[PDB]
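First up is the structure itself, then whatever we jot down about it.
In the numbering used here, the protein residues as written are 782 to 1029.
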């Protein structure tokens, strides 16, 4: 990984030490990026709902992962299951549990820094992983991306600025997540996010991290060409909100 500071450095170093799992996967990969494109042709708003117990920006929810997932299975284009242990209180077992209970695409949300965590995602039933430009070197990014594709996963390349976008395009990204929040400091810049979005080629499947406000952003960003929307806190706090966000 790149040299980092503060919580981000701690979590990366933790992730490098993450014990790998052994399991034999119980389904073929369901493509998240392809289901998003199909939602688009069907005019169905495509929302990625995320299960996340805790976050560095203060989120703190205890709720049943399976009931949450079973509910979300009806509405979400995919589920994002946070599997990071220290800051998110996530776990691999959780992912495993959810992956067996639902038949929609699953993203394993974690700081992927080594190949065994890709092994882990695959074995536990996840369909895809994020790859974060800010934490990985260029070499690591193209290599981990090749590695995940060798399973049949199309990872989502996470970007937070123009340089991130340059790199993601240069490595052959086809599935990009535009973050509003900076990973290092936890600051949100919706303007910069809109700016990045207008710079992405049309044939790239685009997910914007969205939250504060919602609905308004969804119509606006969708017009900017965004394909799907990743939402965390508001849906952890009130799952039935996804219904409203998809419909009028």
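All residues carry an ideal CB built from backbone N, CA and C; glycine is no exception.
| Which one or two residues does DSSP pair with residue 862 in a beta bridge? | Taking the chain shown and counting its residues from 1, one reaches residue 862 at position 81. Paired residues: 832, 889.
| message | Does residue 958 pass the burial test, meaning 16 or more other C-beta atoms within 10 Å, or should it be called exposed? | response | As a position in the chain shown, residue 958 is number 177, starting the count at 1. Result: buried.
| said: I'd like to know whether the C-beta atoms of residue 833 and residue 871 end up nearer to each other than 9 Å. | reply: Numbered from its first residue, the chain shown carries residue 833 at position 52. Numbered from its first residue, the chain shown carries residue 871 at position 90. It is a contact, given that the beta carbons lie within the stated cut-off.
| said: Can you give me the C-alpha to C-alpha distance between residue 1013 and residue 920, rounded to a whole angstrom? | reply: In the chain shown, counting from the first residue as 1, residue 1013 sits at position 232. In the chain shown, counting from the first residue as 1, residue 920 sits at position 139. Approximately 30 Å between the Cα atoms of the pair.
| Per DSSP, what kind of secondary structure is residue 979 in: helix, strand or coil? | Locating residue 979 in the chain shown gives position 198, where the first residue counts as 1. Looking at residue 979 - three-state DSSP - the assignment turns out to be coil, as it is neither helix nor strand.
| field | Identity of the residues DSSP links to residue 909 by a beta bridge | value | Reading the chain shown from its first residue, position 128 is the one you call residue 909. Its beta-bridge partners are 888.
| At what residues does the beta strand (DSSP E) containing residue 812 begin and finish? | Position 31 of the chain shown, counted from the first residue, corresponds to residue 812. Where residue 812 is concerned, there is no enclosing beta strand (DSSP E), given that its DSSP letter is neither H nor E.
| request: Compare the Cα-Cα distances from residue 974 to each of 984, 1005, 985 and report the closest residue. | output: Your numbering for residue 974 matches position 193 in the chain shown. Residue 1005 is the option with its Cα nearest to residue 974.
| message | I'd like the span of the alpha helix (DSSP H) that includes residue 990, first residue to last. | response | Numbered from its first residue, the chain shown carries residue 990 at position 209. Careful: residue 990 lies outside any alpha helix (DSSP H), inside the beta strand (DSSP E) at 986-990.
| request: Could you tell me the boundaries of the alpha helix (DSSP H) in which residue 999 lies? | output: Counted from its first residue, the chain shown places residue 999 at position 218. Residues 997-1004.
| said: Considering only the alpha carbon of each residue, which of 1011, 922, 986, 933 lies closest to residue 783? | reply: Walking along the chain shown from the start, residue 783 turns up at place 2. Out of 1011, 922, 986, 933, 922 has the C-alpha closest to the C-alpha of residue 783.
| According to DSSP, what are the bridge partners of residue 857? | For the purposes of this step, residue 857 is taken as residue 76 along the chain shown, with counting starting at 1. For residue 857, which the question treats as bridged, DSSP gives no partner whatsoever.
| request: Using DSSP bridges, identify the partner residues of residue 1010. | output: By one-based count along the chain shown, residue 1010 stands at place 229. Residue 1010 pairs with 828, 989.
| request: List the whole-angstrom C-beta distance separating residue 1056 from residue 977, where the pair is believed to meet the contact cut-off of C-beta under 8 Å. | output: Residue 1056 lies beyond the stretch modelled for the chain, which goes from 782 to 1029, so this question has no answer here.
| field | residue 796 beta carbon less than 9 Å from that of residue 894 | value | Along the chain shown, read from residue 1 onward, the residue named residue 894 stands at position 113. Along the chain shown, read from residue 1 onward, the residue named residue 796 stands at position 15. A contact, by the Cβ cut-off of 9 Å.
| query | Grouping DSSP H, G and I as helix and E and B as strand, with all else coil, what is residue 1018? | reply | Translated into positions along the chain shown, residue 1018 becomes position 237. The answer is helix: DSSP assigns residue 1018 an H, G or I state.
| query | Do residue 873 and residue 864 have their CB atoms nearer than 9 Å? | reply | Numbered from 1 along the chain shown, position 92 holds the residue referred to as residue 873. Numbered from 1 along the chain shown, position 83 holds the residue referred to as residue 864. Cβ distance < 9 Å, so residue 873 and residue 864 count as in contact.
| message | Using DSSP's beta-bridge definition, name the partner residues of residue 937. | response | Residue mapping note: residue 937 aligns to position 156 of the chain shown, counting from 1. Bridge partners of residue 937: 911.
| said: In whole angstroms, give me the CA-to-CA distance for residue 1007 and residue 987. | reply: As a position in the chain shown, residue 1007 is number 226, starting the count at 1. As a position in the chain shown, residue 987 is number 206, starting the count at 1. Near 5 Å, if we compare the C-alpha coordinates of residue 987 and residue 1007.
| query | On the premise that residue 862 lies in contact with residue 887, defined as a C-beta separation below 8 Å, what is that separation, rounded to the nearest angstrom? | reply | Within the chain shown, numbered from 1, the residue matching residue 887 stands at position 106. Within the chain shown, numbered from 1, the residue matching residue 862 stands at position 81. Indeed, because the Cβ distance is near 6 Å, the residues count as touching under 8 Å.
| said: So if DSSP puts residue 958 in a beta bridge, which residue, or which two residues, is it bridged to? | reply: Here residue 958 is taken as the residue at index 177 of the chain shown, counted from 1. Residue 958 is bridged to 939, 988.
| Helix, strand or coil for residue 969 per DSSP? | The count along the chain shown starts at 1 and reaches residue 969 at position 188. Strand at residue 969.
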